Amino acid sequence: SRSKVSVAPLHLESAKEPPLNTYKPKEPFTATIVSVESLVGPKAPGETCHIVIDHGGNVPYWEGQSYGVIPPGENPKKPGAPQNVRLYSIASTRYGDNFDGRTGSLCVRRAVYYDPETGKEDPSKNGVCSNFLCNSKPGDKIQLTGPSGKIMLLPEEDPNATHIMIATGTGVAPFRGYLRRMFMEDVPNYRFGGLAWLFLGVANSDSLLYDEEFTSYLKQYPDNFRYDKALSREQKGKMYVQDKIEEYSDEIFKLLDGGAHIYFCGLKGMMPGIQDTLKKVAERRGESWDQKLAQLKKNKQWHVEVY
């Protein structure tokens, strides 16, 4: 009776390459919604929902990939054509939230349109797929394609590697799946003993996603996990993720020089600030960020999936 949760079926560890494009837009797999829950409190700027989908084992994936969802309806401008696919990073491990290899989960922020001037909402301008997803109920069907993506696959060749994960908002999704695989699940062939460090930037406390889960790893694996948060409307210029990275810049640089992998996922808007900060930090140390970056890319330590 140990701390790691048993997962099945272990034959999901036997594949040598990740599944890709198993289902395509012309003939999607019809999955079923198991549950939908809001992840945020009243003060969040908008709703972010957690959706568990039963694919019954027919649409397996690896951590870090995405599922494509085709919302119902006709393409707003392709008469007789189906809506385009929207991609969502999978937020669960390959065994899924019920530890049985039958489900996958998505972390979806509702894209709501407000008139800038009148602040008035106009539902005809809301994002179609995200609202359809957070409006779903148990038993509803969803058309899935994929899985897709290789950029965010977790490098497992060294089980003692260092992984520094920087997310904003729904960009936390792939990291929830990495971390359950590193810490929560009993996966015999992947026993993590390195350092995983998660930085998460959100608007405020009520907008934190999966905080209870991440906080718990702090108490169980104090030597292998670090977690820092930045609340842009409730912290110590206000607080963005780049500021936290600045705070720990020496450690981070030291880790990157030692071979650490670094990942960024979430809204593309997060990137410019981060890159400014890293250049300024490098400069203070007397290093060229440009040269450092070229080296991290060459060594395959730099992983970005922003949208």
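All residue numbers refer to positions in the sequence shown, first residue = 1.
Going from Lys236 to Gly237, you skip over 4 to 9 residues of the deposited sequence that the entry leaves unmodelled. Per the PDB record, of the two stretches 85 to 93 and 224 to 232, 224 to 232 carries the greater mean B-factor over its C-alpha atoms. Averaged over Cα atoms, the B-factor as recorded in the entry is higher for 186 to 194 than for the other of 100 to 108 and 186 to 194. Taking the PDB entry at face value, the top CA B factor among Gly56, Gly266, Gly64, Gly46 belongs to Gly46. Remark: of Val128, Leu179, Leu218, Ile142, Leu218 shows the highest value [criterion: C-alpha B-factor in the PDB entry]. The deposited CA B-factor of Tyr248 belongs to the middle third of values across its chain. Per-chain ranking of the deposited C-alpha B factor places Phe199 in the lowest third. Annotation for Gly171: C-alpha temperature factor in the lowest third relative to the rest of the modelled chain, per the entry.
Looking at the C-alpha B-factors along this chain, the one for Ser148 belongs to the middle third. When all modelled residues of the chain are sorted by CA temperature factor, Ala15 is found within the highest third.
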